[PDB]
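The structure appears below as structure tokens.
2 protein chains.
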Amino acid sequence: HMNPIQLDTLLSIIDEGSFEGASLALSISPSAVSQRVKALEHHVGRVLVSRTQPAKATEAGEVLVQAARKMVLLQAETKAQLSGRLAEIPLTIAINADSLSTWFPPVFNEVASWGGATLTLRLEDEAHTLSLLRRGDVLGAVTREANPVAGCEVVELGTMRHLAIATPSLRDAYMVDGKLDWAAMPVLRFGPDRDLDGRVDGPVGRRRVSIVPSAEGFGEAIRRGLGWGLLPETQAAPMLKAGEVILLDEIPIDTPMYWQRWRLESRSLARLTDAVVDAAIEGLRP
Amino acid sequence: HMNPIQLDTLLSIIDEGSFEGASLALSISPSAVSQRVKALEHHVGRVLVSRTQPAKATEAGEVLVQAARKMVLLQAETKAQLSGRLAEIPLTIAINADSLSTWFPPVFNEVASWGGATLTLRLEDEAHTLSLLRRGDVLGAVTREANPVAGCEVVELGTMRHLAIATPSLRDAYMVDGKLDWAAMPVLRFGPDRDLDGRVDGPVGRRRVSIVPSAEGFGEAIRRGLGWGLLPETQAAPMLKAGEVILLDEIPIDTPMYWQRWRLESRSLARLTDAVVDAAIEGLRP
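Here's what the structure looks like:
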């Protein structure tokens, strides 16, 4: 079995940033910190934390750290139950901009109605999102990844549909001899050539790109002719209804979405999951 | 936090039905059971279990029992998660290009024969190699450094010998009055003036340098006359045997080599070390 005192020490090293920080935080000698790490590492057979500052968990160490933060969540829920007061637990979530700007906001209502829980939303790309989940820096995440990261369970939420849209004037500007010049048409991007697959055959030259790093500004730039773009049908629907933009393409792009959460008998985590799933049921496709 | 040992004792009392049942189940005295319960109760401020039989949890005690069963499930799942992640995680080594291109590859055979083990090799100069070891970013390292870095143990692997070689034509091209113009002779380098020490006396002029950042391409450039260079005798032996290059110099340069690994009771690391030592025995000089 794994010594829970030693797990606490590893977590303290990480939370405090160094071995000395864990020493001061835990009121134990530096030798005790070192001895506890040595023992835990010898139990696992791997180095668990970097000897630099700020202290970082290794790949093997991330497992234990994630586990330690799970135990912290159980302890808080337990203390809250005995206490006779609403839990007041901070929930940290990784989410993508497209989910946050379309179907997710109804979750805010649900969380608000609880005791005094708080949300910390992190907007992350796919790779960092999974890393946050792995090391325990978030307890849940909305993601395109279907395979569960270690320590987590996965739930399918439904499918997000993107439409290829542009203003009629912009499309007409890049019509050439009755054929649309996809490569030459300025395009919108959320940040710094897959999007032309099956739209252009030969090699694609350089492309004109505008970058607008917010879901709503991204939609506004498309809406206003700065470029075409792939926009979630939820965002695009009103512009299409208003005739502000048109479909460049009858072929939608569908992206399955998943909710990944710590595997833990957590009543907060169960509750948050229900809220997210219910929102995705109401706002995503089968 | 609540002492998890005490939570186990409370859980055992309920699961076993009496204080004496928890005693035998836990291999502790009835006094030890009582001490833990009383301690847990005063930490909480509530009576947790009846001292009658069968033991019944109070309202607060039902909470801690529920929590204890949650923590038991987490502990078992964590142990299973770590075990599976360790299998997936590659052992990380820092090595220099000269070892990787000569005596090291036989290590691959040994690792391949294990379960489904993986290696991550990092090609590093001497300085970054030792820092990677120090900080825990690699578990082992091939190094010229003989003194053990903190957290690691050292083993001598043997000696690497370098030869100064060139094509016959290149040497003859820079023979003048029977004396070789070392400074004027183009040289090969692995990347961006020690190498002429004991070959030229006074201050050295400019030098003609080609850079080829691969061990094998480095050898090819020498083999093909682009410049002379210091080449591991392992690599140079075939070219010398074929008469493609010659020795510019009977003075070899010998560099003792060492294997440094983190001190950990790991059978994985022990196996890797043995494989490395054995490969070094076959491809380095005593």
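Top to bottom, those sequences are chains A and B.
FYI, in the deposited numbering the residues of the first sequence are 0 to 191, 197 to 290.
FYI, in the deposited numbering the residues of the second sequence are 0 to 191, 197 to 290.
Every residue, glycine too, gets a C-beta built ideally from N, C-alpha and C.
With a cut-off of 8 Å on the beta carbons, I'd call residue i and residue j a contact; round off their distance for me.
i: A/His-161; j: A/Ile-257; result: 4 Å
i: B/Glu-125; j: B/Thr-142; result: 7 Å
i: A/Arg-170; j: A/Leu-235; result: Not really, about 14 Å apart at Cβ, beyond 8 Å.
i: A/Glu-87; j: A/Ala-116; result: 6 Å
i: A/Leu-6; j: A/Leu-63; result: 6 Å
i: A/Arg-121; j: A/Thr-101; result: With 8 Å as the limit, A/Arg-121 and A/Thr-101 do not qualify as a contact, their Cβ atoms being about 18 Å apart.
i: B/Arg-45; j: B/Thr-57; result: 7 Å
i: A/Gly-150; j: B/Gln-80; result: 5 Å
i: B/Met-159; j: B/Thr-259; result: 5 Å
i: A/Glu-19; j: A/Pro-29; result: 7 Å
i: B/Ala-219; j: B/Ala-111; result: With a Cβ gap of about 22 Å, B/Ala-219 and B/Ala-111 do not count as contacting.
i: B/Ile-255; j: B/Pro-167; result: With 8 Å as the limit, B/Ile-255 and B/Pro-167 do not qualify as a contact, their Cβ atoms being about 19 Å apart.
i: A/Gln-52; j: A/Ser-17; result: 5 Å
i: B/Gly-209; j: B/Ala-182; result: 6 Å
i: B/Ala-59; j: B/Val-43; result: 6 Å
For a cutoff of 8 Å on Cβ pairs, would you count residue i as touching chain A?
i: B/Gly-115; result: no
i: B/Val-48; result: no
i: B/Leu-81; result: yes
Please list, in chain order, the chain A residues whose beta carbon lies closer than 7 Å to that of residue i.
i: B/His-0; result: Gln-74
Starting from the beta carbon of residue i, find every residue of chain B whose beta carbon is closer than 9 Å, and list them in chain order.
i: residue 196 of chain A; result: What the structure lacks is residue 196 of chain A: chain A is numbered 191, then 197, with the residues between left out.
i: A/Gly-44; result: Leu-85, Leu-268, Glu-269, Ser-270, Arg-271, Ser-272, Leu-273
Taking residue i as the query, report the chain B residues whose CB atoms sit under 7 Å from its CB, ordered along the chain.
i: A/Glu-58; result: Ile-88
i: A/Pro-3; result: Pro-3
i: A/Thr-51; result: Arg-134
Hey, residue i and residue j: beta-carbon distance below 8 Å or not?
i: B/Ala-145; j: B/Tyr-262; result: yes
i: A/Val-153; j: A/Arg-133; result: no
i: B/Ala-54; j: B/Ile-4; result: no
i: A/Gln-74; j: B/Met-1; result: yes
i: B/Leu-131; j: B/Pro-89; result: no
i: residue 196 of chain B; j: B/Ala-165; result: You won't find residue 196 of chain B in this model, because chain B goes from 191 right to 197.
i: A/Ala-225; j: A/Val-213; result: no
i: A/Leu-273; j: A/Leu-138; result: yes
i: B/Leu-230; j: B/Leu-179; result: no
i: B/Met-243; j: B/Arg-227; result: yes
i: A/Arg-50; j: A/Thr-8; result: no
i: B/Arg-289; j: B/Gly-157; result: yes
i: A/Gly-114; j: A/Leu-85; result: yes
i: A/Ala-246; j: A/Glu-109; result: no
Can you find a CB in chain B that lies within less than 8 Å of the CB of residue i?
i: A/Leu-244; result: no
i: A/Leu-9; result: no
i: A/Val-62; result: yes
Next item on the list: Pull out every residue of the stretch 64-79 of chain B whose Cβ sits closer than 9 Å to any Cβ of chain A, in chain order.
Entry: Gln-65, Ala-66, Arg-68, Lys-69, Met-70, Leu-72, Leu-73, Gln-74, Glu-76, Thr-77, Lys-78
Next item on the list: Could you name the residues of the stretch 135-166 of chain B whose beta carbon sits closer than 8 Å to any beta carbon of chain A, in the order they occur along the chain?
Entry: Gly-135, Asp-136, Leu-138, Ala-149, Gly-150
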